[PDB]
Amino acid sequence: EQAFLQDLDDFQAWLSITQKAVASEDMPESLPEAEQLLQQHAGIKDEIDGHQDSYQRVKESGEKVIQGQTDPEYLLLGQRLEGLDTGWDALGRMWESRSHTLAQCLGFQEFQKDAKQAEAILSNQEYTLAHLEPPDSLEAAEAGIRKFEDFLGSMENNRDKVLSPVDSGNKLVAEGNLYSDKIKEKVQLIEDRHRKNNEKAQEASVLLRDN
């Protein structure tokens, strides 16, 4: 009564250790962290699939071992095997659930990074659109117009960087991501500033041309 027990002891311990790791409530707070946890979770899956076969052998053998036995040792071993089946199923579900949550966390972190980039682009656009300098001379007049044209060119260049988080955000919300509240709010503010900047830039274009 050694090889079987050792393996049971071993698997149960591995199970206990893996359930704990998966039971973690640690939520990513950065995109690199989010990628880290995903990697670790992926590794845990490999360990789980790697233990499946041995789990089955222990399960099936456990039944034969206790079968027909009446000594306390076997009755206790029998209860222990019930635990194993439970913990094994519990682990599977815990993993799936944990995997599900980290994916959402990766999605939100990515969005957060892109959303912050768009906010910066937008703040800068707002700064430029905030004040127009009256030409002190012909040289200044040419410079103003030209500088603004390049500005308009950059608005067009960053267009994708601004709209990107809007599309990724809405999609996250559409998938029912757990951060939806924060995401909805940030997506709206971006959309609104993007809309206002464009309108304000169109008016400015006219101003610089007719004055």
Side-chain angles (χ1 to χ4, degrees), residues 24-46 95-211:
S24 162
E25 291 183 65
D26 296 41
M27 301 297 281
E29 264 155 45
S30 65
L31 177 50
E33 205 188 321
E35 277 162 54
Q36 173 204 310
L37 300 182
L38 278 174
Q39 177 180 287
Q40 303 184 188
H41 204 61
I44 294 180
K45 180 176 177 49
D46 291 317
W95 186 91
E96 290 293 332
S97 170
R98 177 62 171 171
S99 180
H100 167 57
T101 297
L102 292 174
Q104 291 181 58
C105 284
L106 169 60
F108 171 73
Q109 287 310 325
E110 290 180 51
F111 164 77
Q112 200 76 312
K113 183 165 190 183
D114 297 346
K116 286 177 184 177
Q117 171 174 57
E119 273 161 46
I121 285 171
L122 289 171
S123 287
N124 272 294
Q125 292 182 358
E126 263 146 46
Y127 173 76
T128 293
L129 298 166
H131 179 75
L132 296 182
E133 290 286 18
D136 171 55
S137 61
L138 272 180
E139 293 76 15
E142 165 179 54
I145 289 170
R146 175 54 167 192
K147 178 180 174 178
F148 191 72
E149 270 173 325
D150 294 326
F151 169 76
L152 285 181
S154 76
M155 282 191 76
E156 201 64 47
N157 293 318
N158 298 313
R159 193 194 156 71
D160 290 33
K161 276 182 172 56
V162 171
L163 293 177
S164 178
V166 166
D167 293 325
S168 69
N170 286 326
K171 179 192 176 193
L172 287 174
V173 170
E175 306 175 322
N177 186 287
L178 73 96
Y179 289 89
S180 293
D181 286 352
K182 297 183 185 299
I183 297 166
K184 288 182 181 178
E185 175 215 290
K186 270 196 172 63
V187 172
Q188 184 196 295
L189 287 166
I190 289 183
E191 285 180 293
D192 295 342
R193 297 175 74 191
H194 178 56
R195 176 179 180 169
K196 280 54 191 172
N197 286 343
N198 292 320
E199 304 184 316
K200 199 171 178 177
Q202 294 318 308
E203 313 182 317
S205 178
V206 165
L207 291 182
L208 288 169
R209 181 198 64 187
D210 301 327
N211 197 48

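Counting from 1, the numbers follow the sequence of the chain as shown. Quick note: numbers below take in every heavy atom, side chains included, and nothing from hydrogens, waters or symmetry partners.
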Worksheet item: Hey, does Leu106 have a side-chain heavy atom less than 4.5 Å from the side chain of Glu110?
Response: yes
Worksheet item: Is there side-chain contact between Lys200 and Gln125, with at least one heavy-atom pair below 4.5 Å?
Response: no
Worksheet item: Passes side-chain contact (heavy atoms from CB on, under 4.5 Å), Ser123 versus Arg193? Steps please.
Response: CA-CA 9 Å; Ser123 287; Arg193 297 175 74 191; 2.8 Å; yes
Worksheet item: Out of curiosity, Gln112 CD to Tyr179 OH, how far, rounded to the nearest 0.5 Å?
Response: 9.0 Å
Worksheet item: If you look at every heavy atom in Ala118 and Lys161, which pair is closest and at what distance?
Response: CB-O, 3.6 Å
Worksheet item: Could you give the distance from CG (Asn170) to OG (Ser180), rounded to the nearest 0.5 Å?
Response: 10.0 Å
Worksheet item: If we only count heavy atoms from C-beta on, is the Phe108 to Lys182 side-chain gap below 4.5 Å?
Response: yes
Discussion item. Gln109 vs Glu33, test: side-chain contact (heavy atoms from CB on, under 4.5 Å). Steps then yes/no.
Written reply: CA-CA 9 Å; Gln109 287 310 325; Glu33 205 188 321; over 6 Å; no
Worksheet item: How far does CG of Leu122 sit from CE of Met155, to the nearest 0.5 angstrom?
Response: 8.0 Å
Fill in: Partner of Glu185 under side chain to side chain contact (heavy atoms under 4.5 Å, CB included), chosen from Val187, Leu189, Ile183
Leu189
Item to complete: Kindly determine whether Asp192 and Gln188 satisfy side-chain contact (heavy atoms from CB on, under 4.5 Å), including the steps that lead there.
Response: CA-CA 6 Å; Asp192 295 342; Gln188 184 196 295; 3.4 Å; yes
Response to the item:
Taking every heavy atom of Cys105 against every heavy atom of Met27, the minimum-distance pair comes out as SG-CE, 3.4 Å
Worksheet item: Is there a donor-acceptor contact under 3.5 Å linking the side chains of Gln40 and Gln36?
Response: yes
Worksheet entry | CD on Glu149 to OG on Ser205, rounded to 0.5 Å | 8.0 Å
Worksheet item: Which value, rounded to the nearest 0.5 Å, describes the distance between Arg146 atom CZ and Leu208 atom CG?
Response: 13.5 Å
Practice prompt. Verify, without hydrogens or angle tests, whether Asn211 (side chain) and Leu207 (backbone) share a donor-acceptor contact under 3.5 angstrom.
Written response: no
Worksheet item: With a 4.5 Å heavy-atom cut-off, do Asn177 and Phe111 have their side chains touching?
Response: no
Worksheet item: side-chain contact (heavy atoms from CB on, under 4.5 Å) between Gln117 and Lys113: does it pass, once the steps are laid out?
Response: CA-CA 6 Å; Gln117 171 174 57; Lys113 183 165 190 183; over 6 Å; no
Worksheet item: Looking only at heavy atoms, what is the nearest atom pair of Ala103 and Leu38, with distance?
Response: N-CD2, 4.2 Å
Worksheet item: How close do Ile190 and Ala115 get, heavy atom to heavy atom, and via which atoms?
Response: CD1-O, 3.9 Å
Item to complete: Could you tell me whether the side chain of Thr128 reaches within less than 4.5 Å of the side chain of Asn124, counting heavy atoms only?
Response: no
Discussion item. Taking atom CD as the centre, does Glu142 end up with more than 12 heavy-atom neighbours from other residues, nucleotides or ligands that are less than 6.0 angstrom away?
Written reply: no
Worksheet item: Taking atom types as modelled, is there a side-chain donor on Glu96 or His100 under 3.5 Å from an acceptor on the other?
Response: no
Worksheet item: CG of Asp46: more than 12 outside heavy atoms within 6.0 angstrom?
Response: yes
Worksheet item: Are there more than 12 heavy atoms of other residues, nucleotides or ligands under 6.0 Å from atom NZ of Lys196?
Response: yes
Fill in: Point-to-point distance, once rounded to the nearest 0.5 Å, from CG of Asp114 to CG of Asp167
11.0 Å
Worksheet entry | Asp26 versus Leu37, closest heavy-atom pair with distance | O-CD1, 3.9 Å
Worksheet item: Do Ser24 and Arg98 have side-chain heavy atoms sitting under 4.5 Å apart?
Response: yes
Discussion item. I'd like to check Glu175 versus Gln104 (side-chain heavy atoms, cut-off strictly below 4.5 Å). Are they in contact?
Written reply: no
Practice prompt. Please report the shortest heavy-atom distance between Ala204 and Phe148, naming the atom on each side.
Written response: CB-CZ, 3.5 Å
